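Residue numbers (the deposited numbering), protein chains in the order written: chain A, 6 to 128, 133 to 153, 159 to 419, 430 to 538, 546 to 551; chain A', 6 to 128, 133 to 153, 159 to 419, 430 to 538, 546 to 551. A prime marks a further copy of an entry chain.
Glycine residues also receive a C-beta, built at the ideal position from the N, C-alpha and C atoms.
See structure below.
Protein chains: 2
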Amino acid sequence: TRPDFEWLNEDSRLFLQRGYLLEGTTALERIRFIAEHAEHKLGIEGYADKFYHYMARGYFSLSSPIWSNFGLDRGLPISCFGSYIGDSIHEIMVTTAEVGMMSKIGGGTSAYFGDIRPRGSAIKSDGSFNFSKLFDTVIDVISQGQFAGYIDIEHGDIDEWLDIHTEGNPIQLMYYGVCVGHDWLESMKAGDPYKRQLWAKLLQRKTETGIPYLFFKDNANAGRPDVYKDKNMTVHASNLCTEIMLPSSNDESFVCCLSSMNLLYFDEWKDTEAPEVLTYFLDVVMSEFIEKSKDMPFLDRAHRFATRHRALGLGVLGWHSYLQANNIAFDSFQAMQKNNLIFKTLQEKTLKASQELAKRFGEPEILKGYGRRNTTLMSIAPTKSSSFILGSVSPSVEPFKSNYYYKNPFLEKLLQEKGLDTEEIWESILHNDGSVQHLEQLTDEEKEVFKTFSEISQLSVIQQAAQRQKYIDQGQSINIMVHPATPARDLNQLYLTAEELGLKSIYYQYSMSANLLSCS
Amino acid sequence: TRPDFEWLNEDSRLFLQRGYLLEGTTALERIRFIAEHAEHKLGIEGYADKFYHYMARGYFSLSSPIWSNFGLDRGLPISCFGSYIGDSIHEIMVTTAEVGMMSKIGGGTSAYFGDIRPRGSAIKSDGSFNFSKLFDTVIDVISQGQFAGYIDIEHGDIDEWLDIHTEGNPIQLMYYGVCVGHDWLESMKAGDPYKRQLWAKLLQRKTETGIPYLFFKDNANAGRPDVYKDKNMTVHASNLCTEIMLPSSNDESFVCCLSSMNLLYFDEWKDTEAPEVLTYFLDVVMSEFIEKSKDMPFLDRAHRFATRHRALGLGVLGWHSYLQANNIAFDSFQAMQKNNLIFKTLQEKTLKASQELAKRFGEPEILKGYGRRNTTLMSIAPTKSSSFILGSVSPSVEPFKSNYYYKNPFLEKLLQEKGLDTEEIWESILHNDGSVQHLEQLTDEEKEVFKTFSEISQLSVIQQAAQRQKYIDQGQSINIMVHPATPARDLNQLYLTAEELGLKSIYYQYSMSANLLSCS
Ligand SMILES: [Cl-]
Ligand SMILES: [Cl-]
Ligand SMILES: [Cl-]
Ligand SMILES: [Cl-]
Ligand SMILES: [Mg+2]
Ligand SMILES: [Mg+2]
Ligand SMILES: [Mg+2]
Ligand SMILES: [Mg+2]
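Right under this line is the structure:
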């Protein structure tokens with residue numbers, strides 16, 4: 006019934022033309038080229054037509070670097086770049102040049118600052138915040159930039175980092191994350207007054223700005239694949255969007271590529287080879303990064319990482335879409351059942367594919383004897399533009415912001441079956457911030473299915489992330505949305521619950537205009 | 006009569022202890038070590054005792070990097086570092102990392118920005138001023159920094175550079191110079207209104223701030239040694255202090271080392287081997303830089319330059335001191351006679367020494383078949399601290415600021441012979457900004473000999489620099505001092521005369537508190 010490329014409507018074509026495609030290349034032409042180029046690099050007969058078919062059915066979203074650069078001379082097809090900053094000017098300049106080159110090329114960058122000695126240390134040093142000014146300037150000066163720096167909450171310079179983005183502060187452009195350990199938080203909860211005041215200030219900053227990001231470093235490291243545990247490959251920090259969980263060091267900067275399965279069609283593709291085909295595709299994308307980076311000035315640490323690890327980040331979008339297509343409320347037991355099923359299925363299929371890839375092409379150095387091609391397979395990145403392109407489905411695992419901001433097609437259908445598909449009804453929804461909770465014509469059950477992100481239990485967001493985390497070898501970009509009237513006490517408990525449940529990170533805390548945190 | 010090391014008085018010892026010497030090394034111990042280390046590297050018997058003797062007599066000043074680092078593990082013994090910035094992010098990052106590493110190590114840095122495409126060029134670019142923000146931040150963040163950027167007056171972005179240091183401007187820390195060609199200035203003088211307004215603005219900026227530096231690029235290139243002309247090795251820019259005249263390129267960053275002859279004792283050392291010994295010393299200093307830099311991250315372009323060129327910068331101090339010791343007024347025909355004699359003698363002796371060095375050790379690559387060891391031998395750097403250390407003699411070729419600010433020892437002697445060496449007389453001099461022009465007890469002849477920098481013809485400063493330039497293969501750091509009441513018209517003519525007479529640069533325009548420009 007659904008035509009091939011239904012998703013590729015006039016909105017999507019325009020978006021792609023204006024953003025990603027070279028003048029004189031159409032969207033369809035580009036998809037065919039990508040499919041054929043991948044087949045050629047894999048050496049697998051029939052691969053292109055399989056990949057093309059799955060594209061045609063709307064099962065795959067490809068990352069913007071892949072749309073822009075895959076199979077072409079320009080740019081790189083990677084979606085993150087994470088550097089470790091050693092405690093020396095030499096190593097600071099190495100990272101500076103990486104960030105510069107990547108800010109020109111694009112795909113976001115990040116770095117770990119926590120091993121830089123703090124302000125006042127003998128060399133007297135100016136500390137880690139002082140060096141953050143260099144990266145903030147690099148991205149101010151060079152663009153295609160976006161950069162995130164990570165600092166430990168126990169670091170000598172934490173107070174300086176907590177004023178990033180405040181009025182007049184030197185740092186206005188770069189983002190940051192704070193690495194927070196289990197023992198530190200247990201000391202805070204047990205009553206330590208300094209930790210209690212620092213934590214309070216961090217929460218105040220996050221309400222005011224959305225940031226810092228939180229990196230629960232002990233959850234991240236406890237959740238690493240065995241290979242990284244076996245070889246003491248510590249995850250110091252995450253990436254620009256907080257979903258990546260890969261080790262960086264003096265000799266290696268993590269990189270990864272991404273593309274995403276459209277969960278709207280889970281019941282169509284769950285027993286197909288679509289996830290495996292996408293895994294194969296991401297592996298050839300990494301082969302391209304390796305080939306392109308081998309002679310690229312300043313990218314030697316990333317070239318090394320990609321060569322030895324071959325880390326991939328296959329993600330998802332359309333989670334809320336899938337739930338709505340099945341008349342399931344986001345915060346429900348039935349949603350939790352589907353969450354387990356979907357992510358279990360993806361874990362199994364992507365791992366199987368990585369095992370087959372090692373049989374065909376060999377294990378990279380870090381995985382010799384481990385039996386797969388890729389150190390990691392899955393990560394749940396944000397997908398705002400990618401979701402738009404692919405039929406305006408819901409972003410990643412996030413609830414729809416609202417029903418009308430774009431009209432929710434499942435709400436539309438429901439309104440049509442009730443004869444309520446009228447300008448007056450829709451205008452009422454627009455005037456209520458895309459909510460339907462005001463509408464007396466809808467049952468409570470129907471209202472539940474179409475709650476907005478703001479109306480949904482934020483505890484349910486966290487719990488669902490915790491539930492699926494066991495099936496995801498990297499991480500998940502998890503946003504929450506909180507009313508500005510929310511007591512600090514309630515935010516405090518939500519973040520503490522996040523760490524307790526094993527979440528490796530939290531991304532942005534969004535606000536809205538003037546029980547959702549403590550019940551699900 | 007004069008004791009050995011008379012110059013090394015308690016002031017000098019304290020200065021050296023506090024600035025340059027490692028805890029537990031005395032000034033004398035350091036001098037002996039430097040002499041012996043140089044002998045060892047030259048393989049020349051008796052060299053150390055010759056070098057030590059000349060140090061003992063007060064004939065030599067050594068640069069602060071040499072005092073700090075020569076023969077030791079730490080740092081580098083070079084006094085400039087000049088990079089060419091190619092029009093690419095890659096080449097911008099190469100230069101960024103050079104400047105970072107050198108800002109930690111010390112010795113000043115500089116770079117040429119003029120081949121960066123201007124704001125609005127297709128890639133649309135943000136231009137050369139945008140990239141200057143990166144270097145300004147590097148030196149804000151890393152210290153031991160000082161940096162000077164050079165831009166051509168005809169460059170698309172010249173208006174942006176001319177607001178450097180103004181209220182709120184992004185650039186407050188780095189210095190800059192403007193490269194001004196002969197044909198451009200002839201177009202300006204012939205009446206071009208745009209050039210006339212731009213030149214007027216530059217002069218306004220220089221009165222207000224002292225800067226930009228002026229680099230007369232056609233004089234600099236016309237004055238290069240034949241070897242650089244023969245091989246099209248363009249001098250794009252000068253260094254932090256405007257005395258260096260060396261080529262930089264995509265593959266080479268200029269470096270040079272310095273030390274200085276004390277002209278107070280010219281009549282003692284003119285027929286000795288002291289200038290030759292100092293030349294030999296500077297060549298072994300460059301051998302140290304080469305050895306140290308060979309495995310230093312990010313310094314490959316400077317290592318290459320030093321290896322192939324072996325450029326040296328032997329300078330002078332105590333010019334005004336020499337004139338005063340001989341009862342010669344700075345602005346006089348007799349001064350001009352001495353200027354010619356001294357600089358002719360130095361040109362001959364340093365070149366002879368470089369020829370002998372090539373016979374002993376070989377010609378470097380750039381000079382194969384040219385018959386000397388070093389592409390350049392002489393440059394007249396500023397010597398404010400070095401002059402203090404060496405008996406408080408006058409700085410470089412500059413007049414003494416004043417007679418009492430430190431008491432002029434020739435004025436003191438003159439006052440003693442007249443019985444005028446009294447607190448009342450000296451206090452009168454202090455109250456008149458170190459001038460003696462008010463004192464009725466002195467003849468006009470005596471007053472002439474002890475005019476302050478501010479009282480001296482600035483045309484004479486320029487003319488003396490022009491006269492000695494024929495004997496100096498690099499350049500000269502030339503400051504002038506101008507009353508704030510001076511009409512723009514008169515400054516205009518002075519700078520135009522500077523270019524007409526063949527000066528390769530001008531450094532700072534100093535001011536003072538409320546015929547000297549047009550007569551000598
Ligand atoms: Cl990143
Ligand atoms: Cl494993
Ligand atoms: Cl320099
Ligand atoms: Cl020559
Ligand atoms: Mg083929
Ligand atoms: Mg650690
Ligand atoms: Mg020996
Ligand atoms: Mg040129």
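Test: residue i CB closer than 9 Å to a CB of chain A'
| i | result |
| --- | --- |
| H317 (chain A) | no |
| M188 (chain A) | no |
| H169 (chain A) | no |
| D135 (chain A) | yes |
| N183 (chain A) | no |
| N139 (chain A) | yes |
Chain-ordered neighbours of residue i on chain A', where CB pairs are closer than 7 Å
| i | result |
| --- | --- |
| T146 (chain A) | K142, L143, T146 |
| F312 (chain A) | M98 |
Identified DSSP bridge partners for residue i
| i | result |
| --- | --- |
| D166 (chain A') | A':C193 |
| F268 (chain A') | A':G87 |
| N276 (chain A) | A:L331 |
| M392 (chain A') | A':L328 |
| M536 (chain A') | For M536 (chain A'), which the question treats as bridged, DSSP gives no partner whatsoever. |
| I530 (chain A) | A:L228 |
| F161 (chain A) | A:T114 |
| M505 (chain A') | A':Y534 |
| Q500 (chain A) | A:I394 |
Unbroken beta strand (DSSP E) run spanning residue i, endpoints
| i | result |
| --- | --- |
| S88 (chain A) | 85-89 |
| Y227 (chain A) | 227-229 |
| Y430 (chain A') | Per DSSP, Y430 (chain A') belongs to no beta strand (DSSP E) and is neither H nor E. |
| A116 (chain A) | 114-117 |
| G51 (chain A) | Where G51 (chain A) is concerned, there is no enclosing beta strand (DSSP E), given that its DSSP letter is neither H nor E. |
| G329 (chain A) | 326-331 |
Interface partners of residue i on chain A', CB under 8 Å
| i | result |
| --- | --- |
| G105 (chain A) | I94, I97, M98, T101 |
Closer than 8 Å at the beta carbon, the chain A residues around residue i
| i | result |
| --- | --- |
| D149 (chain A') | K142 |
Range of the contiguous alpha helix (DSSP H) that encloses residue i
| i | result |
| --- | --- |
| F65 (chain A') | Element bounds for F65 (chain A'): not the alpha helix (DSSP H) but the beta strand (DSSP E), 65-67. |
| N139 (chain A) | 136-150 |
| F303 (chain A) | 288-307 |
| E41 (chain A) | 32-47 |
| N353 (chain A) | 347-375 |
| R18 (chain A) | 15-24 |
| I172 (chain A) | 172-175 |
| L518 (chain A') | 512-524 |
| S93 (chain A') | Here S93 (chain A') belongs to no alpha helix (DSSP H), and DSSP marks it neither H nor E. |
Beta carbon proximity, residue i to chain A, threshold 9 Å
| i | result |
| --- | --- |
| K109 (chain A') | yes |
Residues proximal to ligand 4 by C-beta, any heavy atom closer than 6 Å: A':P239, A':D240, A':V241, A':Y384
Which residues, in chain order, sit with a beta-carbon under 6 Å away from any heavy atom of ligand 1? A:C85, A:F86, A:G87, A:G113, A:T114, A:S115, A:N253, A:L254
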